[PDB]
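Single-structure report; data block below.
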Number of protein chains: 2
Amino acid sequence: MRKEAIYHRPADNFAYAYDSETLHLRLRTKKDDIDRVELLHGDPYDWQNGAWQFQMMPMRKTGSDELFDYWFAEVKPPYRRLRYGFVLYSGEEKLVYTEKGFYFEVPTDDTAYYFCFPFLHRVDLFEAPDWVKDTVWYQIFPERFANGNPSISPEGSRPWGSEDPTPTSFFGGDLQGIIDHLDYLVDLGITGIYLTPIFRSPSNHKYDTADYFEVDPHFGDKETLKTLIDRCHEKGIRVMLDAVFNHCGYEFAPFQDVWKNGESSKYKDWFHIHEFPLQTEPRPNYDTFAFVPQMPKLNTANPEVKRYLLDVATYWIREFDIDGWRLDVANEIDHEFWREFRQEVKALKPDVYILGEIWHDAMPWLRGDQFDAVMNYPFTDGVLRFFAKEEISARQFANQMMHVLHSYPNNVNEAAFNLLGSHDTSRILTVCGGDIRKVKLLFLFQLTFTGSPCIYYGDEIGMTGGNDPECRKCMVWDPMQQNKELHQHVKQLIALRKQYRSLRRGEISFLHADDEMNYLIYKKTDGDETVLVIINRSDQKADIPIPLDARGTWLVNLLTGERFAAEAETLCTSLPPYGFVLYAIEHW
Amino acid sequence: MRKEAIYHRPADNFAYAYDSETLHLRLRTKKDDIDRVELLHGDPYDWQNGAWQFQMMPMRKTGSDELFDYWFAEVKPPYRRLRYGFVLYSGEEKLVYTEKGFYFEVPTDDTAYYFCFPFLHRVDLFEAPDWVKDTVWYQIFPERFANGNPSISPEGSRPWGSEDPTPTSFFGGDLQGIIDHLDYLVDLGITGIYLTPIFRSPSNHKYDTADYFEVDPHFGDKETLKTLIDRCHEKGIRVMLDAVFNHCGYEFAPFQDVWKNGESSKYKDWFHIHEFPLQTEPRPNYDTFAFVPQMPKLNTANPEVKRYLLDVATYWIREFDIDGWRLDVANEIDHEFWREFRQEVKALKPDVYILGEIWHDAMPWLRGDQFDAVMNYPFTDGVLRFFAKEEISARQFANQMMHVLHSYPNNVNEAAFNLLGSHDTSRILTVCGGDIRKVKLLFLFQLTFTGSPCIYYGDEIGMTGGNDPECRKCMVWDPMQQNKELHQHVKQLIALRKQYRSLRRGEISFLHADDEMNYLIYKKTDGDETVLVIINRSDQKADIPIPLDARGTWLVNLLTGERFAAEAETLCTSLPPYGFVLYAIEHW
Ligand SMILES: [Ca+2]
Ligand SMILES: [Ca+2]
Ligand SMILES: [Cl-]
C-alpha cells in the first residue's frame, strides 16, 4: 500500500456532522491500492479493565476520481465524542492510519494517536433551507425578459430582439414583464426565480449600484416588486435577489462625496483608497471590482458599511419577503462580514437561501457559518467539457464529477446550485456548436443530479449567443422561434425530477461500461428507489451492456412507462445517436 | 512524478495571509520525487489588461517529514488578489498542477483551471498578540507552589511537601505564596505566569467550579489577586488564568437547583440532561467531562449560559487586567461560542492571549476567528520520544517536527504554546528516567524553538513524579534539594532566547548528519542571524562534523561567549555524553 496517497484530516469534507447525532467520515487512498478499509472508533473516555473501548466499522467505497478511491462511514457517537483511526488491508498487509502516523497494529495504550471529533454540537451543524432541495431555479436578467411597461423603458431602448445586445444597449425589460409571463414558468415547472440586480443603477446589468434601497425606476417601483414577489408566492415560486456588496457604483452617494472631498469626506473609510485625491487615470488609486473604475470596492470591515449592507440585506427580506440572496463576487468579501450576514439574515427568516457567487473550490465558505451554497461553476465546467465540447471521455467525466462531489460534505452537495450557464457565460446551445442533441443531454444530466439546479432564461427554448453580452439577448416569446423540442424536453425532465426523489436528493454512482469513451451510465439512489441513466454520447447507434444482476430485477422506462424484466444478467440497451434512457429499478 | 502524493488546497496551512500585504503558499509532494517547483501567479483579472501570461516564482523546500517534501513561497499580490498554479519538475516529466488537475503544459486557452486566493483582508488575518512571541511562561498549580498564608489553608492540610499528593490531599498553597516567590521567577527570567483554576471549588485542582466570580477563599481574596497581578506587571510578567467553561462543578448553584428541582428547574437548559431526575451512575444521565458526575457539561448554546460565561471572561480582564485565558477542554465547546468569546475579549483588551487546551491537531480553532494558540502537546510528545525516551532516531524526530510544523500556517506556529510537561503529564525528569542530562537537552530544544514556550513549576530544578497526581508535588524551595546545575542551565537559556531573535521567532531547519541516529543538528534563522545547535543524544563521547562552510564565516559559542573563525569546509566538535553546543553564525 502507498502511504503517501492516504489522506484524512478532521474537518471540511473529511469529517463533519451530518445531523445532530450522526458524523460522516471520509478517507481517500490511491485508486485500487487498498482492498478494504475499516473505521476504528470509540468515545475518548470509554475505558474498561484499563483498556480503551473501540469498535471496527467497515467503510464503503463511494467512488473514485482519476487518482483516488474515496471511502465512507457514518457513526453515531454514544456520547457525541469520538477518537478514531483507519485500518487498511491489502493481502496480508495491514496499516493503521492515525493522526500520529502509521502503525502495523492497533495501539490501545492511549487515545492521543487518533484523529478527534471532540463533540457534536447542533449549533455548528451545516444546515441549509430544506425547500431548495426540491426547487428548480430560473435565472432572469430583467432588462431582457419582457417589456411589461413601455412607459418606463430607458430612452433609446431598441425594438425588442431587433439586434444583438451590447454592453450599453437597452430593450426596456422590466419587473411587470416578469409578472406577465409567470404562467409560462409555472407550466415549465419552475419553482424558484433568481433575478440579477434590480436596484437603481445607470447600466443595463446594474452591477454598478447607485442606491441599494431603491428599485431601478426603469424596472419599476417598490409596489411593483412587491406584487411580483406576492404573485410568485401565490404560484409557488420563491424569489432570490442579487446582492452586489463587494463594490458599489460610481453614482453611489457615499462614493460621490469621497470623489469630491477626498480625505476630508466622512465616507472615505467606506472604501479601499490608496491615495488622495481619487483618480481614474492613469489607473484608479482605489481598489475596484476587476479593473473597472466605476466599481469601487466597499470596505466591509468598516462598521458603518457593515451596518448599511446588513440593513439592506434585512430590509428587502422584512419588507418584501424575498426568499434568497445571491451574493455577487462573494469570495472577495471577508469571512467576518459573511458570518454576521448569516446571523442577521437567518435570525429574521431561516428560510432565506444564501447563495455565493464563487467559481472555484468554496469549502471555506461552506462550513455552516456562512453560505448555504455557491453557484456550482465547477460542475458547469465538467458537464460542458463532456456533453457540449466532447473534450473528455465518459471515464474522465465520471472522475471529475466524483472529484468535485467528494471535495465537499454530503449535506453541502445536497444544497448545491447546479447550473449550466448564466449571464456570465456563453449560451449552452452555442457552446454545443448549435447541436440540440447535446443540449438535451446537458439538461438530462443536470435535472437528474442531486441539488438545486438553475436554468438560464432562454436555454429551455434554444436561444443562442456567445459570452457576455451576447448571452443577454431579449427573451424569445415568438413560439415560431422557440425550439419546441427543447421546451418539451425540459418540461418533461422537470416533471420526472419532481416525481422521483432519487433524482433530487439521492447519491450518484457511475458504472464503467465497455466503451469508457462515449457511453455514460450512472445511478441515483436514496435507499428507497433507484434510477439508472444510460447515455449514448456519440453520432452512431449503440448497443450498451448494462452491468446489473437479472435475478428478480425489473425495469421501468420513465419516459414511456414500459415495464420489463431482465434475464441476460446484463441486459443490452440499444440507443440511437445521442439517445438516452432512464429506468427505475425494482428488486423483487 | 507520483501525482497521488501531490497536494494543495487554498486554505489553512497551504494558503493564507501572513500579513496585510503578504500571502504564503505551500505545496507538498512525495519526498525526493520533485526536483524543483515554480509558482505560477498573477491577478485573476490580468486578462483585462492584456496580461494573459503568469508571473513565475521558484518555491523553496522548507522541510520534509516521513513521506513528503514541503515547498514554500511568499507573494505580495499587487492588487491583493491571486490566481495560481504550480509547475513541478521531475526526471520523468514536467507537470502543471491546478485546481482542475494536471496538464503537461500551461493551458493556452482562457478556461479557469487555477487555485484562487480571492482577496487579502486585514480583518480575516490571523493575528496573535505580538508580546507572546517573546514570552517564556511558567505554569503554577496554586495548591502546591507556596503556603504564604497559613490562616486560609484548608482544614487538614498536610505538612508542606512531606508526602506524595493524592486526588484529594491539600497542602495549603495560596496566592500570597506566589507573591512571596516572585523574585525567584524574575531571577529565572520568566515573563509570563499561567495559573490553573483559582475560582471557588471544593477540590485541590478546582476544575469543578462552584462560583466563577469568586477567588477560592483558600487561595486568597480579590485583593490578593490584584496585588499578585500588579507586582507581576511591575516586573514585566503577564498573567494568564484558567477558564473552565466546558463544565461546571457539582456545587455550581444553577446545577444544584436542577439536581434538586429536576425538570421543573429554570436552569434545566443550562446543561445537557437526557432524563429526569438526574442520576450519577452507572454513568450520569447528563453529559459531563469524561464521565465525572461532579463535572456536568454546560450548554454553551443557551443564551443565559453564554452571557454568564462571557461576563466571566470579561470580568476578570476588566477588573483585574489579566493578560490571557487558558481554555480548559476548549475543543469540546462549540465554535460559535469561541467566535463570540474572541470578539468580546479582544474588543475589551486586544492584547489578551487566548490559549485553548487541545491536545490534538487544532487547525479548525486557529484560522484567526477563535484562538491565538493551543497547548502544543503534539510537540511535547515528539520532543519527549526523542530526548527523554530515546524511542525514535534523530532522523525520525526531524521528520515529526517538520510534520507538525508544516501542518499549520507560519504565523500560527510563531505564537504556539510549546510545553514539555504540565499538571496533566508525568514529570520530564521522570520521563527521562532520572537523567538530568536528558532534561537539559529538553530545555535546550524547547528554548531555542520558535513560539511561546511554557515551563512547568519545578521542572527547572529537577522535581520528580509520575502522572497526575504525582506531578503535582509541593514546590521544592530548599536549595539543597534543587538541582542547581539544571536551574542555571534554564536561566542561561532563557537569557539567550531573549538575546537572539532567531530562537524565538525564526525558521527552523534540520541538518542531517552521517550518524543520523543520535546526532541532532539544526539551526534557527531570522534574516542573516543564524543559531546553529548541535546535540549528541548518546551516552558516549562523540565528534560531530559541522557542515557549515568557512566562507568568511565566524562562530560564537553562545554558552561561553567565545568567538572564532570557521576552519575549512567542515569544522568538527567534540561533545561529552548528551553534550551540546550552540553557535551564532556570522557572515562577513
Ligand atoms: Ca419597459
Ligand atoms: Ca495557605
Ligand atoms: Cl398581479
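A, B, ... follow the sequence lines: proteins, then strands. Residue 1 opens every chain.
No hydrogens or angles considered: nothing links the side chains of B:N49 and A:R283 as a donor-acceptor pair under 3.5 Å.
Residue with the most contacts toward chain A among B:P378, B:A301, B:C116: B:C116 (heavy-atom pairs, distance under 4.5 Å). Of all the listed residues (B:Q400, B:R367, B:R28), the one sharing the greatest number of non-hydrogen pairs under 4.5 Å with chain A is B:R367. Most heavy-atom pairs under 4.5 Å with chain B: of the set A:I333, A:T300, A:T288, A:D65, this distinction falls to A:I333. Ranked by heavy-atom pairs under 4.5 Å with chain B, the list A:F119, A:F291, A:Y377 is led by A:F291. Contact tally against chain A (heavy-atom pairs below 4.5 Å) for B:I358, B:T111, B:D381: the top residue is B:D381. Your options are A:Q343, A:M363, A:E66, A:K31, and the one with the most heavy-atom pairs under 4.5 Å with chain B is A:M363. Note on A:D46, A:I6, A:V329: by heavy-atom pairs under 4.5 Å with chain B, the leading option is A:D46. Chain B forms more heavy-atom pairs under 4.5 Å with one residue of A:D33, A:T29, A:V404, A:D334 than with any other, namely A:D334. Between chain B and the residues A:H272, A:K3, A:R83, A:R80, the largest count of heavy-atom pairs under 4.5 Å involves A:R80.
At least one cation-pi condition fails for B:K297 and A:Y79: the charged atom is not both under 6.0 angstrom from the six-membered ring centre and inside a 45 degree cone around its axis.
Neither the backbone nor the side chain of B:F115 comes within less than 4.5 Å of any heavy atom of chain A. With a threshold of 4.5 angstrom between heavy atoms, A:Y7 approaches chain B through side-chain atoms but not through N, CA, C or O. Contact of A:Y113 with chain B is not made at all, since no heavy-atom distance falls under 4.5 Å. Of the atoms belonging to B:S407, heavy atoms from both backbone and side chain fall under 4.5 Å from chain A.
A distance-only check finds no donor-acceptor pair linking the side chain of A:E99 to the backbone of B:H360 [under 3.5 Å]. Proximity of a side-chain donor or acceptor of B:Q48 to a complementary backbone N or O of A:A290 within less than 3.5 Å is not detected.
Between A:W365 and B:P118 there is a side-chain heavy-atom pair separated by less than 4.5 Å.
Annotation: A:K389, atom NZ; neighbour count of heavy atoms from other residues, nucleotides and ligands within 6.0 Å does not exceed 12.
At a threshold of 4.0 Å, the pair B:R339-A:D369 counts as salt-bridged, since one of the basic side-chain nitrogens sits closer than that to a carboxylate oxygen. Using a 4.0 Å cut-off between a side-chain N of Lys or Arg and a carboxylate O of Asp or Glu, B:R81 and A:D287 do not qualify as a salt bridge. Remark: A:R9 does not engage B:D12 in a salt bridge, criterion side-chain N to carboxylate O under 4.0 Å.
Taking 4.5 Å as the heavy-atom cut-off, the residues of residues 120-127 of chain B that approach chain A are B:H121, B:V123, B:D124, ordered by number.
Between B:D361 and A:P10, the shortest heavy-atom contact is OD2-CD, 4.3 Å.
Atom CD of B:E4 sits about 5.0 Å away from atom NZ of A:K30, to the nearest 0.5 Å.
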